[PDB]
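Now for the letters of each chain:
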Amino acid sequence: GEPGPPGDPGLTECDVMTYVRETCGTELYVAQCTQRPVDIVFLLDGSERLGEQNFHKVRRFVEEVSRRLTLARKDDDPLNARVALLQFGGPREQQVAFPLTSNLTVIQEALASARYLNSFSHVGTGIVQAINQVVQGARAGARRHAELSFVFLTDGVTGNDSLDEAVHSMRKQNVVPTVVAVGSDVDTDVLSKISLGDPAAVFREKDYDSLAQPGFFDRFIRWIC
Amino acid sequence: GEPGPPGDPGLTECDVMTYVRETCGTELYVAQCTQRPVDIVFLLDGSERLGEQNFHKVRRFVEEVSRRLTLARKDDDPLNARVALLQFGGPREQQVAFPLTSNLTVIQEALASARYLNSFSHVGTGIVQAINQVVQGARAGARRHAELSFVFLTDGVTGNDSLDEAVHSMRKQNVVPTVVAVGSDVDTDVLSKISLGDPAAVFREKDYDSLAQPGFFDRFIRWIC
Amino acid sequence: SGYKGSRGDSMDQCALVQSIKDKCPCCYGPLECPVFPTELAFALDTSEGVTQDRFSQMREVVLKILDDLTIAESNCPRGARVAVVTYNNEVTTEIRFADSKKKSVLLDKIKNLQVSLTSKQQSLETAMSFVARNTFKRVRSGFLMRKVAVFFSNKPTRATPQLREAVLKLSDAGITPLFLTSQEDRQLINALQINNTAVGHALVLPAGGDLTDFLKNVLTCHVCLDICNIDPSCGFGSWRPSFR
Amino acid sequence: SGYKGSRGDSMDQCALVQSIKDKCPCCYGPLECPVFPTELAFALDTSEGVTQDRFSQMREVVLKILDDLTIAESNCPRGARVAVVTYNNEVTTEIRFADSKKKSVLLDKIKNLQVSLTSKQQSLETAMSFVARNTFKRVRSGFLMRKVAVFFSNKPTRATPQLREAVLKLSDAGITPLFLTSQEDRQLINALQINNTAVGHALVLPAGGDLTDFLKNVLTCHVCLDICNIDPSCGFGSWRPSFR
Amino acid sequence: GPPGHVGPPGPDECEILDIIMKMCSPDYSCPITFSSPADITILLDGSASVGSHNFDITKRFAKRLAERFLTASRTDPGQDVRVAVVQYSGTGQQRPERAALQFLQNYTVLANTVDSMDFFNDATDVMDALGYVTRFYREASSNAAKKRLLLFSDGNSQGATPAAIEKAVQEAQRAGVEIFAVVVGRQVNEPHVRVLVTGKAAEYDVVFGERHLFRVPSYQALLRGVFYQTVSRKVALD
Amino acid sequence: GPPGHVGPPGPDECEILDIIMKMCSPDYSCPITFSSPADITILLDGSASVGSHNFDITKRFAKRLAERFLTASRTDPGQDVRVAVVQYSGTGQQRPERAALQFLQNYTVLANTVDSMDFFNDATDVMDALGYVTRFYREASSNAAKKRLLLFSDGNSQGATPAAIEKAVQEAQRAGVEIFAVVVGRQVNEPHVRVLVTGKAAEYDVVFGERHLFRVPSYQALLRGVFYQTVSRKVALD
Ligand SMILES: *[C@@H]1O[C@H](CO)[C@@H](O[C@@H]2O[C@H](CO)[C@@H](O[C@@H]3O[C@H](CO)[C@@H](O)[C@H](O)[C@@H]3O)[C@H](O)[C@H]2NC(C)=O)[C@H](O)[C@H]1NC(C)=O
Ligand SMILES: *[C@@H]1O[C@H](CO[C@@H]2O[C@@H](C)[C@@H](O)[C@@H](O)[C@@H]2O)[C@@H](O[C@@H]2O[C@H](CO)[C@@H](O)[C@H](O)[C@H]2NC(C)=O)[C@H](O)[C@H]1NC(C)=O
Ligand SMILES: *[C@@H]1O[C@H](CO[C@@H]2O[C@@H](C)[C@@H](O)[C@@H](O)[C@@H]2O)[C@@H](O[C@@H]2O[C@H](CO)[C@@H](O)[C@H](O)[C@H]2NC(C)=O)[C@H](O)[C@H]1NC(C)=O
Ligand SMILES: *[C@@H]1O[C@H](CO)[C@@H](O[C@@H]2O[C@H](CO)[C@@H](O)[C@H](O)[C@H]2NC(C)=O)[C@H](O)[C@H]1NC(C)=O
Ligand SMILES: *[C@@H]1O[C@H](CO)[C@@H](O[C@@H]2O[C@H](CO)[C@@H](O)[C@H](O)[C@H]2NC(C)=O)[C@H](O)[C@H]1NC(C)=O
Ligand SMILES: *[C@@H]1O[C@H](CO)[C@@H](O[C@@H]2O[C@H](CO)[C@@H](O)[C@H](O)[C@H]2NC(C)=O)[C@H](O)[C@H]1NC(C)=O
Ligand SMILES: *[C@@H]1O[C@H](CO)[C@@H](O)[C@H](O)[C@H]1NC(C)=O
Ligand SMILES: *[C@@H]1O[C@H](CO)[C@@H](O)[C@H](O)[C@H]1NC(C)=O
């Protein structure tokens with residue numbers, strides 16, 4: 001075929017602009033995934049504003065994400081990362097799901113029978129129950145320093161009876177928040193509180209179906225690892 | 001399958017908008033082609049700024065246009081429209097081309113042997129030569145009132161030694177123009193002069209290749225017919 | 001899936017204009033014709049035997065009609081656009097829909113318009129077709145656009161299929177012709193109208209004397225007739241508001 | 001067609017800033033560290049036997065280091081970001097890269113930070129890995145982004161392969177660590193340095209007495225060393241421009 | 001498949017009014033006349049599907065609706081113009097007390113109740129809400145008056161099947177009150193809201209359908225413009 | 001296919017000066033120094049491919065170039081700094097006559113000639129133009145001076161082949177003048193322009209091409225910004 005097109009400029013205009021701004025005076029650079037010891041526990045609110053079809057789409061997204069990430073063999077601080085999910089709700093004041101575990105078949109089986117609450121859910125009670133459950137699991141799984149990152153898959157608009165206390169407890173519990181809001185309708189206060197004073201620790205997706213968009217999936221997997 | 005979607009609202013916001021603007025206080029409505037007696041003569045200036053490959057593209061465009069429009073059998077004021085084209089230049093102060101005729105085989109042969117001038121076009125001399133030639137042809141073809149429309153395939157940037165006199169001759173010769181400029185670089189003066197004081201008698205094409213865009217081709221055939 | 005559902009209802013064409021009219025300040029006070037923006041196409045005739053004085057009379061008639069009407073100088077869809085042509089066995093455009101931009105310049109052009117004495121014999125059907133398929137090749141947009149053509153004749157038209165076909169084409173084109181000629185012809189009225197459906201009347205003009213009567217008739221209930229409030233008995237017939 | 005051409009030449013990272021720096025008014029007058037916006041990560045050790053008075057000493061050291069440095073309160077790529085953590089057999093983040101927004105609030109938080117008296121036995125490798133793969137999990141952008149970590153130890157480190165692997169990972173992460181400990185260990189230097197190419201010095205800290213003698217060195221020479229105008233003979237070794 | 005149902009008819013008087021008033025520079029606002037005595041009780045959503053700020057904007061819109069209806073010059077001093085407000089939530093959650101709220105001419109109790117209700121944080125429940133509304137009408141409203149009603153809905157509620165809502169709306173019709181549906185957003189079970197509007201799923205009358213349904217894209221858009229004027233005027237017209 | 005050649009290097013001093021001055025707010029503008037005496041004769045297009053207005057903006061750019069070069073503080077009063085201007089067109093059209101124009105120092109006469117030249121409306125001929133330039137230098141410029149030249153072109157010319165351009169540029173090189181190419185737009189015969197820039201088609205040097213080529217997308221953008229000063233300073237640097 002024909003010769004390839006000529007190369008781009010050595011230092012484009014934006015390059016020099018960034019240089020000058022840097023000397024005297026967005027996007028954040030994160031080192032790509034390296035299978036570092038990680039432990040992630042999702043959180044999907046049961047509020048009826050989610051949607052049965054949207055619940056199915058979120059199930060698909062979660063299983064795809066679990067497929068993409070490498071899964072550790074076991075515990076006692078090997079390399080690789082684990083995964084957990086729960087679907088707490090308002091009614092019954094409690095709900096449970098599978099604990100952290102890398103055995104993917106358990107994940108598939110639990111997801112298959114996943115029940116969509118379609119009911120109110122106060123985020124504070126959910127998060128405190130989640131942190132209690134994951135603390136219990138971690139204690140059952142030795143020290144495994146690694147980390148503890150929580151991904152909030154929800155708009156977050158819900159009852160805040162004990163939001164602040166749970167946020168404080170999570171803050172003291174060496175956690176790394178991360179939020180993926182869906183839809184234009186979102187309250188900035190809840191996002192800010194969960195983000196722990198970060199402007200770029202939140203992603204936005206116009207529709208729940210976009211969770212299957214390859215671009216957003218790649219960005220999310222890059223951010224988490 | 002599933003039922004169709006709901007229909008268009010009653011007097012859509014734009015509908016009432018136009019109604020109110022009309023009551024007290026763009027696009028022009030043209031009756032679709034009805035094969036009324038029309039005589040059309042093209043004009044492709046040989047200015048070196050056209051391009052040999054762009055000349056081939058214009059040849060293809062003219063071929064397509066002459067193919068789509070219906071062609072009359074003969075003269076003496078029958079229905080249907082004819083076609084003509086010429087490629088006048090500046091050097092040698094003249095050029096010749098096939099006259100108005102519906103024998104598409106002659107059009108094919110002329111296009112096949114079509115020579116890209118890569119030369120100049122004192123648009124005034126070219127247009128006066130064209131009007132003389134088409135007047136001679138029309139006289140050879142009886143009255144055939146019909147009409148006489150010219151299509152200008154040129155940016156128009158060129159020497160204007162005798163532009164105004166030829167413009168006046170065109171005015172007196174019951175002519176109707178239609179100009180399709182291509183490229184950002186265009187002079188408003190020449191376009192206005194050849195458009196005969198019209199703001200919507202000019203089409204703008206981003207690039208020569210856009211001449212093959214079905215949308216623009218359909219719009220052009222709709223305007224001319 | 002099924003195709004798109006049917007277009008819904010509407011508030012009719014006229015009565016909505018009545019409503020918006022009462023409600024838009026200063027637009028129900030001083031009326032100015034045309035009632036709605038419209039195209040007007042004058043077509044003069046130079047057929048042999050046309051007396052120059054009669055040409056002057058028609059020139060005065062057209063000038064008065066223009067002055068009584070405003071124009072749409074800008075691109076705002078409000079006001080009258082004009083197009084003046086001359087016709088014979090052939091046709092020759094003089095001023096088209098685009099050149100005219102100011103009332104004074106249009107009046108000056110029309111007054112200074114060349115008078116072309118000639119001898120070619122009349123053929124009104126050619127002018128009919130010309131206006132049908134050349135002058136109205138492009139017209140300004142507007143949901144309530146009105147289009148009117150005014151013609152001339154120094155001799156009654158013949159009775160042939162070509163003219164009836166031509167007027168059918170005119171009607172199909174949306175025009176609302178108002179012919180003017182010295183004397184009536186029941187055949188002309190019959191050919192113009194169709195199946196008890198009028199296309200456009202054929203008035204009468206004088207060989208000298210008073211003009212304000214018929215001039216008033218045309219200016220009120222023909223050239224700038226409100227599509228909504230048609231006068232009680234201005235012109236015997238049935239009228240035909242809106243497109244045809 | 002063939003693939004895209006190669007990247008073009010560059011004016012070199014070092015002296016383009018030299019040029020722009022002699023060129024951006026008032027930016028070549030008063031100096032304020034850090035020379036370029038950078039991340040600084042303090043990690044504190046609560047290892048068994050860490051004397052509380054010594055903890056106060058390190059607290060004052062960190063407080064002074066913070067005061068000497070400015071902060072990037074806004075999102076403009078200019079100023080210092082901070083991250084303070086405590087490490088033991090396990091680790092516990094105290095303040096991350098996000099919460100810090102003002103100098104006074106940061107100073108108050110660090111001064112009011114709880115002292116976690118404990119008895120767990122130390123293992124510096126866990127803290128190395130934590131900082132390598134958790135603290136720097138995300139950092140601010142910038143073509144000349146600079147990263148630095150400061151640590152502590154109330155006991156000399158062991159001589160094990162895992163330490164070499166951890167320091168290799170740190171180097172791969174772009175960090176430029178500056179450890180601090182009571183007493184030297186040639187084995188520590190050897191593990192840090194790679195084939196005679198240093199990765200980070202291991203300075204010394206006092207059990208009392210004067211401090212500024214080494215505070216000046218650390219501040220002028222490691223934390224906010226100029227990228228290109230390096231001090232002639234500060235610290236035995238070979239220095240490093242940035243990255244590895 | 002079969003073609004879709006006819007789309008909504010054109011702008012009514014009140015939005016053509018504000019569109020003309022926007023630029024054309026004669027009465028304005030959006031006048032109303034209660035031709036015959038009647039009542040209205042705008043029902044407000046309180047399920048989580050709305051949310052805090054959405055619930056608050058709905059409260060504001062309800063307040064505006066009530067004030068506009070009450071201020072509208074009564075067509076007869078010898079008779080009354082009557083409005084009321086109540087909040088519905090999960091089963092058996094409909095403030096105020098049964099005997100508490102009557103038809104009102106003043107604005108004290110109505111305004112305080114409008115600005116004092118609380119979000120409930122429970123799944124949408126339409127059955128008991130509709131039963132409460134219809135029984136309250138049956139017991140309270142005077143026999144002669146021909147009343148009207150409005151409702152926010154999403155067609156979603158636990159333990160909801162089309163036949164049950166068919167029966168409930170049939171009971172409401174037996175009570176003898178026409179109903180109108182106003183909804184916000186598109187995350188709505190279309191068949192259920194269509195049923196609620198019509199009462200006969202098989203025969204969805206186009207005229208009854210389009211007239212009785214108002215659609216809004218977003219909660220914020222509900223308050224913007226003169227939509228409130230249009231809905232109130234449409235409620236007024238018999 | 002094979003990969004494309006290396007792209008243009010990073011921006012030089014002048015435009016980085018401009019960008020720092022744009023927002024960062026010491027001598028500025030774009031100082032030049034003619035280290036050693038030389039000559040420059042900016043060659044301006046005269047074929048229709050440019051046009052009337054585009055030819056006018058080219059004339060303005062030429063006038064500015066002459067002003068900036070002449071005003072540049074001569075590095076030595078003992079020797080001179082030399083500039084000239086000519087317009088080329090179809091075969092045998094290079095104003096002024098061969099014996100008229102010398103190296104000019106006062107700016108007014110050169111400026112008057114620049115503002116008085118008329119568009120030729122003759123085909124794009126580059127053979128005779130290059131011959132004119134090279135023979136004029138051969139006859140005129142003093143032996144010691146090592147000169148420089150600019151040239152506008154599109155690489156398109158009737159009766160032109162790569163061999164002819166190569167031979168002409170070789171003759172110019174034998175005359176002993178290095179050449180630089182500045183072009184506008186992209187309706188350009190890339191091989192011919194590259195050959196003119198280098199003269200060694202097969203062994204084209206990427207560094208030579210990138211150093212000796214200037215690309216401007218639009219005629220209007222040519223005068224805009226600091227492009228003129230950047231190119232003039234590049235001409236200045238050895
Ligand atoms: C761990 O992952 C497995 C899938 O890899 C989960 O489901 C397991 O699926 C296999 C496939 O049929 C079942 O086969 C059984 O395996 C056992 C050995 O574990 C073997 O002794 C049986 O004869 C049979 O082949 C397996 O039963 C099934 N796991 C369980 C617990 O029933 C599994 O649920 C995941 N969690 C575990 C194993 O705790
Ligand atoms: C509610 O009504 C009271 C008084 O009732 C008025 O007379 C009724 C027959 C009927 O026509 C109501 O609509 C009238 O408003 C209004 O003002 C109260 O007046 C009494 C009389 O002294 C006084 O004691 C109260 O404090 C007044 N209420 C106040 C000050 O809030 C009252 O304005 C009406 N509601 C609103 C919202 O204004
Ligand atoms: C154009 O040149 C003339 C005279 O040249 C001057 O002397 C040369 C040696 C060289 O140094 C040029 O740069 C000088 O400008 C300038 O105008 C003339 O000036 C003289 C002295 O005042 C006067 O007698 C003449 O009448 C002037 N000629 C005129 C008015 O036509 C002129 O300034 C130069 N143009 C510039 C500098 O743009
Ligand atoms: C929960 O959060 C809200 C706001 O984030 C707190 O206050 C509410 O603020 C919104 C702002 O739009 C108002 O509309 C509400 O009216 C406020 N609450 C009330 C009761 O009026 C609220 O205090 C927090 N906690 C609780 C228990 O609601
Ligand atoms: C006119 O059209 C015809 C076809 O409609 C063209 O084709 C030639 O027609 C003549 C008529 O007898 C034949 O003898 C030739 O053999 C046809 N050409 C070929 C290639 O078969 C004709 O060429 C057109 N007129 C002209 C002048 O070319
Ligand atoms: C018509 O011809 C005249 C000269 O015969 C042209 O006049 C020039 O127009 C350009 C347009 O910007 C001006 O910049 C020049 O200053 C004018 N004069 C000269 C001497 O160039 C005119 O441009 C031509 N019209 C066109 C090309 O549309
Ligand atoms: C008959 O009269 C009607 C009445 O307007 C008209 O629309 C129609 O075109 C006429 N011709 C035919 C064939 O119906
Ligand atoms: C060897 O030194 C080079 C040069 O600094 C360095 O890049 C590399 O990582 C070193 N490798 C080892 C094994 O020391």
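Residues numbered from 1 in each chain as written, not as in the entry; some residues may be left out. Chains lettered and ligands numbered in written order. Heavy atoms only, no water.

A. Molecular detail of a positive patch on the surface. Together, E:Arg98, E:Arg135, E:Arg138 and E:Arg174 make up a region of like positive charge exposed at the surface. For E:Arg135, the location among the structural elements is in helix α4 (residues 127-140). (Patch = residues over 30% accessible without salt bridge, like charges linked within 9 Å, V, L, I, M, F, W, Y side chains within 5 Å. Areas by Shrake-Rupley, 256 points an atom, 1.4 Å probe, with all protein chains shown as cover. Salt bridge = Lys/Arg side-chain N within 4 Å of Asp/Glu carboxyl O. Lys, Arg positive; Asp, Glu negative; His and termini not counted. Charge placed at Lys NZ, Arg CZ, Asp CG, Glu CD. Helix = DSSP H or I, 4+ residues; strand = E, 2+ residues; numbered from the N terminus.)

B. Seen up close, the nonpolar core. Residue and element names in this part refer to chain D. Of all hydrophobic cores here, the largest spans 65 residues; its most connected members are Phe42, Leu66, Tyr87, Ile110, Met128, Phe151 and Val223. In terms of residue count, the dominant contributor to this core is helix α2 (residues 52-68) (seven residues). Ignoring any residue separated from it by four or fewer positions in sequence, one finds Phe42 in contact with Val62, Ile65, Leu66, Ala83, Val84, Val85 and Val150. (Core = buried A, V, L, I, M, F, W, Y, C linked by side-chain atoms within 4.5 Å. Buried < 20%, exposed > 50% of the residue type's maximum accessible area, 1.4 Å probe, protein only. Contact = heavy atoms within 4.5 Å.)

C. Structural context of the interface of chain F and chain B. Taken together, the nine residues of chain F in the interface contact eight residues of chain B. Of the roughly 700 Å² buried where chain F meets chain B, counting both sides, 48% is carbon and sulfur surface. Its largest share of buried area at the contact with chain B, chain F owes to F:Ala48, F:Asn121 and F:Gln158, together 53% of the area lost on that side. Across the chain F-chain B interface, the total number found is zero salt bridges. Taken together, the links from chain F to chain B amount to six residue pairs in polar contact. (Buried area = accessible area lost by both parts, 1.4 Å probe. Polar contact = N/O pair within 3.5 Å; in protein donor to acceptor, adjacent residues only side chain to side chain.)

D. The interface of chain C and chain B, seen in detail. Between chain C and chain B, the contact holds 42 residues from the first and 41 residues from the second. Carbon and sulfur atoms supply 54% of the area that chain C and chain B bury against each other, a total of about 3600 Å² over both sides. For chain C, the biggest contributors to the area lost against chain B are C:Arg96, C:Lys137 and C:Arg138; these three give 18% of the whole. Across the chain C-chain B interface, the total number found is one salt bridge. In this structure, the salt-bridge partner of B:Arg171 is C:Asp99, at a minimum N-O distance of 2.2 Å. In this assembly, chain C and chain B are joined by ten residue pairs in polar contact. When contributions to the side of chain C that touches chain B are tallied by element, the ones reaching two or more residues are α1 (14-23), β3 (91-95) and α4 (124-133) of chain C. Residue classes in the side of chain C that touches chain B are distributed as 18 nonpolar, 13 polar and eleven charged. (Nonpolar A, V, L, I, M, F, W, Y, C, P; charged D, E, K, R; others polar.)

E. Here's a closer look at the site of ligand 2. Residues and elements named next belong to chain E. Taken together, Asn106, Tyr107 and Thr108 make up the full set of residues near ligand 2. Note that an oxygen atom of ligand 2 is positioned 2.4 Å from one of the side-chain N or O atoms of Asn106. Against a free-state accessible area of 710 Å², the protein chains account for coverage of 18% of ligand 2. (Near = heavy atom within 4 Å.)

F. Quick peek at the state of the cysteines. All names here are of chain D. All told, the structure shown has 14 disulfides over all chains when counted by the stated rule. Two residues, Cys221 and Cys234, share a disulfide whose sulfurs are 2.0 Å apart. Where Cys221 bonds to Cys234 through sulfur, the torsion about that S-S bond is close to -125°, and the disulfide is left-handed. Here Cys221 is found in helix α7 (residues 212-223), whereas its partner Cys234 is found in the segment after α7, with 13 residues between them in sequence. (Disulfide = S-S within 2.5 Å.)

G. Just the environment of F:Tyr132, in detail. Along the chain, F:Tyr132 falls in helix α4 (residues 127-140). Linking F:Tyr132 and F:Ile165, residues 33 residues apart in sequence, is a C-alpha distance of 14 Å.

H. Just the sheet that holds strand β2 (residues 80-87) of chain C, in detail. All names here are of chain C. Strands sit in the order β3-β2-β1-β5 across an open sheet of four strands; the sheet is mixed. Looking at which strands have only one partner, the edges of the open sheet turn out to be β3 and β5 (146-150). Pairwise comparison of adjacent strand axes, ignoring direction, gives a mean angle of 20° for this sheet. Sheet contacts for helix α2 (residues 52-68): β1 (38-45) and β2; angle to β1, the most-contacted strand, approximately 170°. (Pairing = 2+ DSSP bridges. Axes fitted to C-alpha atoms, helices over the stretch in contact; angles between N-to-C directions.)

I. Quick look at the packing of aromatic side chains. Throughout the structure, instances matching the rule amount to 27 aromatic pairs over all chains. A ring pair is formed by E:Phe61 and E:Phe227, whose centres lie 5.9 Å apart and whose planes are at 45°; its orientation type is tilted. A residue pair is termed long-range when its members are at least 10 positions apart, and E:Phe61 in helix α2 (residues 52-71) and E:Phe227 in helix α9 (residues 227-236) qualify at 166 residues. Like E:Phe227, E:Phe61 is buried. Here the aromatic cluster, defined as three or more aromatic residues joined through ring pairs, consists of A:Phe61, A:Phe216, A:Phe217 and A:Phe220. Its end group placed over the ring of F:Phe180, F:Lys234 keeps NZ or CZ at 3.4 Å from the ring centre. (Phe/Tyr/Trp six-rings, centres within 6.5 Å; stacked < 30°, edge-to-face > 60°. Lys NZ or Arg CZ within 6 Å of the ring centre and 35° of its normal.)

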